[PDB]
Novice: 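First, the structure itself, so that you have it in front of you.
We name chains A, B, ... by the order of the sequence lines, and we start the count at 1 in each one.
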Amino acid sequence: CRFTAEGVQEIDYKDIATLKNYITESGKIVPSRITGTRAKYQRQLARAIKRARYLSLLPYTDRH
Amino acid sequence: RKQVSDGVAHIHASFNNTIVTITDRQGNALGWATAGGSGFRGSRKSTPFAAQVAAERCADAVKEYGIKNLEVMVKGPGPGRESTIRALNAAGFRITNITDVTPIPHXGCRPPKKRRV
Amino acid sequence: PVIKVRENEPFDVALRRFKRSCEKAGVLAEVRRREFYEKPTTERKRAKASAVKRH
Amino acid sequence: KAXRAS
Amino acid sequence: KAXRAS
Amino acid sequence: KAXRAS
Amino acid sequence: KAXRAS
Amino acid sequence: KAXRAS
Amino acid sequence: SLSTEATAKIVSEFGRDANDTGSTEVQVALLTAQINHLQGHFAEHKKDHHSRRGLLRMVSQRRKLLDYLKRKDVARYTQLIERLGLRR
Amino acid sequence: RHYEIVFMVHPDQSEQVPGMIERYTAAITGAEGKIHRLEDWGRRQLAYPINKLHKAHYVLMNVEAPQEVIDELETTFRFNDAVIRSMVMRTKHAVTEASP
RNA sequence: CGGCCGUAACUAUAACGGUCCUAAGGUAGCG
RNA sequence: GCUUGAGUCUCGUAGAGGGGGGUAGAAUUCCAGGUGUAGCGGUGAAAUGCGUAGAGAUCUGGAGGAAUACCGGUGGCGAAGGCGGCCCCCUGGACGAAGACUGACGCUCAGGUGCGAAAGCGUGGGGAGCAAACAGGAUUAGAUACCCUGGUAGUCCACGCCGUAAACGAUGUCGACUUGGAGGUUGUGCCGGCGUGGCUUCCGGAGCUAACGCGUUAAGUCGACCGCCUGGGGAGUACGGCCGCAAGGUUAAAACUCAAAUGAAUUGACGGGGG
Ligand SMILES: C[C@H]1O[C@H](O[C@H]2[C@H](O)[C@@H](O)[C@@H](O)[C@H](O)[C@@H]2O)[C@@H](N)C[C@@H]1NC(=N)C(=O)O
Ligand SMILES: [K+]
Ligand SMILES: [K+]
Ligand SMILES: [K+]
Ligand SMILES: [K+]
Ligand SMILES: [K+]
Ligand SMILES: [K+]
Ligand SMILES: [Mg+2]
Ligand SMILES: [Mg+2]
Ligand SMILES: [Mg+2]
Ligand SMILES: [Mg+2]
Ligand SMILES: [Mg+2]
Ligand SMILES: [Mg+2]
Ligand SMILES: [Mg+2]
Ligand SMILES: [Mg+2]
Ligand SMILES: [Mg+2]
Ligand SMILES: [Mg+2]
Ligand SMILES: [Mg+2]
Ligand SMILES: [Mg+2]
Ligand SMILES: [Mg+2]
């Protein structure tokens, strides 16, 4: 888990360089089991990606 | 009649059938063929081979356009996904892109009931 | 799964890269999962069983 | 056949 | 109930 | 056969 | 032992 | 803890 | 819930001290404040059953505290229900 | 209450955005509010098209305001055709640190 | 908004079978 | 009187807890066009069905409803029923750290009251997809089915009703006590290590249990209070009451009849179970 190692308080939806690490080429959110992220940060990460997708900072899919 | 050069091969690989449609880059159909229309019914229709023949026939349908490059859009779970792309490369087309365009709902609609076979 | 084929590369390599990328997205598993409606009871039941066997 | 039923 | 169809 | 029974 | 049940 | 279990 | 300042006002009014937060008068006054506040919520949100269970706990808790205070000291009970405008 | 407003403008109306920011921040400050952060990000490539647009002019604000004036700015965003999309989020604490 | 013919181990009836036709052969209820 | 049970206050934390409103993207269907041409669809195989009045395919534009992929987890939250995109508004509970406060204010609870999946019912909306009924096509000795093509109620929304489910952990609530191990999740004190709370999953010890198993989240050892059982069938039926618009719910017998019914486990045999 990068977020516990860095001591991130909350994952920011606007921090797209960070969030791009936790999505596949398809655009799908990567599991915590794969990335090794903590459960609490995975939930923040999910919410962040979903907000970024709403604002069109990330894609929902690789096929819009 | 007039020459497209750069085409798109749309492969609709259902479990029952394969439809191979070749379009221009703006999605206007040039020709098409199907496994069901290539002399394969029932069990034979849902095979990789019948999709290959459908691909080969679709290449013949558009030979008058003189297509060089194809970008390949693959759709559906079917047995004729792979063999169609191989047949097109073998038919002398240059495969530049291969894309999966299989529609996946982000939930939407309730599927049909499970079959009690 | 979106493969752009690169210069000076066999088709069999380029196509196998497409085959490998479709396995990754799980698009065919996803399609088989959505052929028929699973009731929530059935979905929870299989989820339970998958967890117990892994354990 | 039978009364009882057969 | 029916036999005839109903 | 047929709803009618067959 | 078959079709008939076994 | 008391109702929840303590 | 009640705000920090709305809570502190009630502790000042009904308590014997700024820190007298445990007094039965203070406890009943705090419950009464929030019960009264939530009458507006449930007028709008009639099918918020889950929140209403919390309100009915406040009502029940207030009843038990008032029943305690009545039998412990009837004079303070009479004073408290007059201030808060309770029927009993 | 603290809020993190993002809004996106149709990239033709990039000229109107310094105008817009002045008007909306005036609505905040005229009801005893603060602009903690304010970042005109400018025109960005959208991850997907919105109303046939492939770009939009993004504006971040972080604001301390009463609820009512933020509600009113959401309605202003709704009825303005230039604003293609907006997100208003509650934050716990006031945000002033440079955004990513 | 139908016929026909057969069929239960007392008889009787026929849940059952076959058959011909119809756009469909009258259901619940009632008689 | 007391503070140890039970509460209150302060600060913080996690959460699909609830109610209301808004909105996003994917997909299905439909509509209107463009391209295109003989099939599509479906199945075990078919056929019904759709298609030269140009379908299917593909592209563009539009309409509308419903549900929220991934994240996602014997993960979380809720009294239970249940609750899953994102955002806001209103709102309930839980937990932790330090204190400070009240001073037994507690536990349980017949009757009562409220909440209560799905289906169903009423009135008014809505209706993409799905789909009881229904229609046609198959299969078959028949096939009122399973399979196929369609398809109405319904599923959705508002308000009201119903009050039941294998509503299950088939395990009432509260409190105390009694070896361990491995995890998950969520706090918190201290210098990745050491603790220390909450919630939760699996294994297992004593003990308990007919056995299966349960095993500090007990089915162990105890205490408080409540609910309920008394052979199988007849029957959760009848009659009466109460409730319900109805469907029905709830309370609840008797005659008669049988010498069993039943639970767990054992050896076989058997399986269109597996190796
Ligand atoms: C396949 C059939 O299976 C079932 O009937 C079986 C019967 O066909 C024989 O094989 C034996 O008597 C079995 O013991 C029976 O269980 C029964 N469920 C009816 C089924 N038949 C059909 N659905 C059909 O013929 O159609
Ligand atoms: K707008
Ligand atoms: K009592
Ligand atoms: K319908
Ligand atoms: K034994
Ligand atoms: K009755
Ligand atoms: K008896
Ligand atoms: Mg909350
Ligand atoms: Mg319902
Ligand atoms: Mg209705
Ligand atoms: Mg259907
Ligand atoms: Mg059907
Ligand atoms: Mg019951
Ligand atoms: Mg349940
Ligand atoms: Mg269960
Ligand atoms: Mg029970
Ligand atoms: Mg819980
Ligand atoms: Mg055990
Ligand atoms: Mg026992
Ligand atoms: Mg009854």
Side-chain angles (χ1 to χ4, degrees), chain A residues 23-24 26-33 39-40 42-43 45-47 49-51 53-54 60-61 64, chain B residues 8 10 12 16-17 19 21 23-24 26-32 34 36-37 42-43 103-113 115-117, chain C residues 30 34 37 47-48 51-52 55, chain D residues 1-3 5-6, chain E residues 1-2 4-6, chain F, chain G residues 1 6, chain H residues 1 3-6, chain I residues 1 4 7-8 11 15 17 19-24 26-27 30 38 41 44-57 61 64-65 67-69 72, chain J residues 48 67 70-71 74 85 87-90:
Chain A
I23 65 179
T24 64
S26 305
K28 297 176 71 165
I29 299 163
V30 184
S32 60
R33 60 164 290 180
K40 196 171 85 162
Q42 188 61 37
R43 292 196 298 284
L45 177 69
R47 290 188 209 83
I49 289 164
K50 289 160 177 186
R51 292 163 188 129
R53 285 169 175 176
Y54 169 74
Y60 287 83
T61 70
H64 282 289
Chain B
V8 191
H10 305 264
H12 186 104
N16 289 334
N17 200 9
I19 307 169
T21 295
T23 68
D24 63 2
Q26 294 81 58
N28 303 295
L30 302 181
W32 62 266
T34 69
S43 184
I104 305 296
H106 293 175
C109 289
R110 189 180 176 117
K113 71 167 94 172
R115 301 178 68 231
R116 301 190 295 286
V117 292
Chain C
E30 196 69 66
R34 296 166 172 286
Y37 186 65
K48 194 197 180 294
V52 170
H55 198 18
Chain D
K1 123 164 279 157
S6 190
Chain E
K1 124 154 90 145
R4 294 157 315 36
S6 305
Chain F
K1 123 71 155 76
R4 298 169 315 30
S6 314
Chain G
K1 125 184 306 305
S6 58
Chain H
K1 124 147 266 69
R4 297 93 40 338
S6 62
Chain I
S1 305
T4 304
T7 303
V11 176
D17 197 357
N19 292 291
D20 180 41
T21 65
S23 162
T24 304
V26 169
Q27 289 193 59
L30 288 171
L38 291 175
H41 173 76
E44 186 169 4
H45 300 289
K46 304 180 207 79
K47 295 303 194 202
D48 187 0
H49 299 304
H50 290 60
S51 300
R52 191 175 285 117
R53 204 175 89 100
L55 173 69
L56 294 175
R57 174 170 157 184
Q61 187 168 338
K64 289 171 171 180
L65 288 165
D67 289 357
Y68 169 68
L69 186 64
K72 190 56 54 171
Chain J
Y48 54 80
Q67 295 168 205
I70 298 287
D71 295 359
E74 278 273 61
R85 187 158 295 172
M87 187 175 240
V88 177
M89 286 210 318
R90 279 281 289 286

Novice: According to the Watson-Crick and G-U wobble definitions, with both distances under 3.5 Å, which nucleotide is paired to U48(L)?
Specialist: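 In the structure as shown, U48(L) has no Watson-Crick or wobble partner.
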
Novice: Using a distance-only criterion (donor-acceptor N/O pair, under 3.5 Å, no hydrogens), is the base of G81(L) paired with the side chain of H50(I)?
Specialist: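 Under the 3.5 Å cut-off, the side chain and the base do form a donor-acceptor pair.
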
Novice: Do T21(B) and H12(B) meet the criterion of a side-chain donor-acceptor pair at a distance under 3.5 Å?
Specialist: no

Novice: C270(L) pairs with which nucleotide, Watson-Crick or G-U wobble, both distances below 3.5 Å?
Specialist: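 The answer is none; no pair meets the criterion.
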
Novice: OP1 or OP2 of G160(L) less than 4.0 angstrom from a side-chain nitrogen or oxygen of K47(I), does that happen here?
Specialist: yes

Novice: Taking only the side-chain nitrogens and oxygens of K40(A), find out if one of them lies under 4.0 Å from OP1 or OP2 of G187(L).
Specialist: yes

Novice: Applying the Watson-Crick and G-U wobble criteria at under 3.5 Å, what pairs with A141(L)? Answer none if nothing qualifies.
Specialist: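 Base-paired to nothing in any strand shown.
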
Novice: When rounded to the nearest Å, what value does the distance between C1' atoms of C243(L) and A259(L) take?
Specialist: 42 Å

Novice: Counting only Watson-Crick or G-U wobble pairs whose two distances fall under 3.5 Å, which nucleotide matches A66(L)?
Specialist: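 Partner of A66(L): none.
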
Novice: Can you figure out which of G20(L), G72(L), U102(L) approaches the side chain of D20(I) most closely?
Specialist: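 Looking only at heavy atoms from C-beta outward on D20(I), the closest nucleotide is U102(L).
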
Novice: Is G120(L) paired with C161(L)? Use Watson-Crick or G-U wobble and require both distances under 3.5 Å.
Specialist: yes

Novice: Taking NZ from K50(A) and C1' from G85(L), how many angstroms apart are they, rounded to a whole number?
Specialist: 6 Å

Novice: Please state whether the phosphate of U43(L), meaning OP1 or OP2, lies under 4.0 angstrom from any side-chain nitrogen or oxygen of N16(B).
Specialist: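 True: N16(B) side-chain N/O within range (under 4.0 Å) of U43(L) OP1/OP2.
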
Novice: Is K1(F) close enough to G18(K) that one of its side-chain N or O atoms is under 4.0 Å from OP1 or OP2 there?
Specialist: yes

Novice: Searching all strands shown, indicate the nucleotide that pairs with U58(L) (Watson-Crick or G-U wobble; both distances under 3.5 Å).
Specialist: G34(L)

Novice: Could you check whether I104(B) gets within reach of a base, just the sugar-phosphate, or nothing at all, counting any heavy atom under 4.0 Å?
Specialist: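 Sugar-phosphate contact only.
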
Novice: Tell me whether the sugar of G263(L) sits north or south, going by the sign of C1'-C2'-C3'-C4' (positive is north, negative is south).
Specialist: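 Taking the sign of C1'-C2'-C3'-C4' as the criterion, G263(L) has a north sugar, on the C3'-endo side.
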
Novice: Counting only Watson-Crick and G-U wobble pairs whose two distances fall below 3.5 Å, is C130(L) partnered with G154(L)?
Specialist: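 Yes, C130(L) pairs with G154(L).
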
Novice: Indicate whether OP1 or OP2 belonging to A26(L) is found under 4.0 Å from a side-chain N or O atom of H64(A).
Specialist: yes

Novice: At under 4.0 Å, does any side-chain N or O of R57(I) touch on OP1 or OP2 of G7(L)?
Specialist: no

Novice: With a 4.0 Å cutoff (strictly under), does any side-chain N or O of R53(A) reach OP1 or OP2 of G25(L)?
Specialist: no

Novice: OP1 or OP2 of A27(L) sitting under 4.0 Å from any side-chain N/O of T61(A)?
Specialist: no

Novice: Should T34(B) be listed as having a side-chain N or O under 4.0 Å from OP1 or OP2 of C40(L)?
Specialist: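 Yes.
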
Novice: Does the pair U178(L), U179(L) qualify as stacked when the test is that the six-membered ring centres sit under 5.5 Å apart and the ring planes lie under 30° from each other?
Specialist: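 For these two strand neighbours, the answer is no: their six-membered rings do not meet both cut-offs.
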
Novice: Students often get this wrong, so: under 4.0 angstrom with heavy atoms, is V11(I) touching a base, only sugar-phosphate, or nothing?
Specialist: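 No contact.
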
Novice: Has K64(I) got a side-chain N or O lying under 4.0 Å from the OP1 or OP2 atom of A6(L)?
Specialist: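 No, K64(I) has no side-chain N/O under 4.0 Å of OP1/OP2 on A6(L).
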
Novice: Taking all heavy atoms of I70(J) and all of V88(J), pick out the closest pair and write down the distance.
Specialist: CG2-CG1, 3.7 Å

Novice: Think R51(A) has a side-chain N or O under 4.0 angstrom from the OP1 or OP2 of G25(L)?
Specialist: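 Checking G25(L) against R51(A), no side-chain N or O comes under 4.0 Å of OP1 or OP2.
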
Novice: For a quick check of understanding: with a heavy-atom distance under 4.0 Å over all strands, which category does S26(A) fall into, base, sugar-phosphate or nothing?
Specialist: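 If one applies the 4.0 Å heavy-atom cut-off, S26(A) turns out to touch nothing in the nucleic acid.
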
Novice: State the syn/anti category of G41(L) according to its glycosidic angle, syn meaning within 90° of 0.
Specialist: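 With its glycosidic angle more than 90° from zero, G41(L) counts as anti.
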
Novice: Would you mind classifying the nucleic acid contact of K72(I) as base, sugar-phosphate or nothing, using non-hydrogen atoms under 4.0 angstrom?
Specialist: sugar-phosphate

Novice: Which base, if any, makes a Watson-Crick or G-U wobble pair with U250(L), both distances under 3.5 Å?
Specialist: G241(L)

Novice: For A47(C) and for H10(B), find the nucleotide of RNA chain L with the closest heavy atom, then tell me which residue's nucleotide is more 5'.
Specialist: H10(B)

Novice: Looking at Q67(J), I'd like to know whether one of its side-chain N or O atoms comes within less than 4.0 Å of OP1 or OP2 on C90(L).
Specialist: yes

Novice: Taking syn as a glycosidic torsion within 90° of 0 and anything else as anti, which one is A218(L)?
Specialist: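 Syn for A218(L); the angle stays within 90° of 0.
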
Novice: Using whole Å, what does the distance between atom P of nucleotide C89(L) and atom CG of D71(J) come to?
Specialist: 8 Å

Novice: Taking a pair as Watson-Crick or G-U wobble with both distances under 3.5 Å, which nucleotide is matched to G82(L)?
Specialist: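 Its partner is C77(L).
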
Novice: Tell me whether the rings of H64(A) and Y60(A) are parallel (<30°), tilted (30 to 60°) or perpendicular (>60°).
Specialist: perpendicular

Novice: Using whole Å, what does the distance between atom P of nucleotide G18(L) and atom NE2 of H41(I) come to?
Specialist: 13 Å

Novice: Between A176(L) and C107(L), how far apart are the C1' atoms? Round to whole Å, please.
Specialist: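 Between the two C1' atoms, the distance is 13 Å.
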
Novice: Mind calculating the distance between CZ (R33(A)) and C1' (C71(L)) to the nearest angstrom?
Specialist: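 In whole Å, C71(L) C1' lies 14 Å from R33(A) CZ.
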
Novice: Using the side-chain heavy atoms of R43(A), tell me which of these nucleotides is nearest: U185(L), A69(L), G44(L).
Specialist: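 Of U185(L), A69(L), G44(L), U185(L) is nearest to the side chain of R43(A).
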
Novice: It should be established whether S23(I) places a side-chain nitrogen or oxygen under 4.0 Å from OP1 or OP2 of nucleotide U8(L).
Specialist: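 No, outside the criterion.
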
Novice: Rounded to whole Å, please give me the gap between CZ in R52(I) and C1' in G92(L).
Specialist: 12 Å

Novice: So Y54(A), base contact, sugar-phosphate only, or nothing? Heavy-atom distance under 4.0 Å.
Specialist: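 The answer is sugar-phosphate, as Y54(A) gets under 4.0 Å only of primed atoms, P, OP1 or OP2.
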
Novice: Using OP1 and OP2 only, check whether a side-chain N or O of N17(B) sits under 4.0 Å from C40(L).
Specialist: yes

Novice: Of the options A24(L), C40(L), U8(L), whose atoms approach the side-chain atoms of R85(J) most closely?
Specialist: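 The listed nucleotide nearest to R85(J)'s side chain is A24(L).
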
Novice: Do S51(I) and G93(L) share a donor-acceptor pair, side chain to base, under 3.5 Å?
Specialist: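 Checked by distance alone, the answer is no.
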
Novice: Only pairs with both distances under 3.5 Å count, Watson-Crick or wobble alike; so what is the partner of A218(L) in this structure?
Specialist: none

Novice: Between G180(L) and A119(L), how far apart are the two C1' atoms, rounded to whole Å?
Specialist: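 Rounded to whole Å, the distance is 49 Å.
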
Novice: Is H106(B) stacked against the base of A69(L), taking the criterion as centroid distance under 5.5 angstrom and interplanar angle under 30°?
Specialist: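 Yes, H106(B) stacks on the base of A69(L).
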
Novice: Base, sugar-phosphate alone, or nothing: which one does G42(B) contact when heavy atoms must sit under 4.0 Å apart?
Specialist: base

Novice: Between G263(L) and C222(L), how many Å separate the two P atoms, rounded to a whole number?
Specialist: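 Going atom to atom, P in each nucleotide, I get 31 Å.
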
Novice: On a plain distance test, is the side chain of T23(B) in donor-acceptor contact with the base of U58(L) below 3.5 Å?
Specialist: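 No pair found.
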
Novice: Might you point out which heavy atoms bring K50(A) and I29(A) nearest each other, and give the distance in Å?
Specialist: CE-CD1, 4.3 Å

Novice: How is the sugar of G26(K) puckered by the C1'-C2'-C3'-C4' sign, north or south?
Specialist: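 South.
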
Novice: With both distances required to be under 3.5 Å, indicate if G72(L) and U102(L) make a Watson-Crick or G-U pair.
Specialist: no

Novice: Is there a donor N/O on one and an acceptor N/O on the other, under 3.5 Å, for the side chain of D48(I) and the base of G19(L)?
Specialist: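 Absent.
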
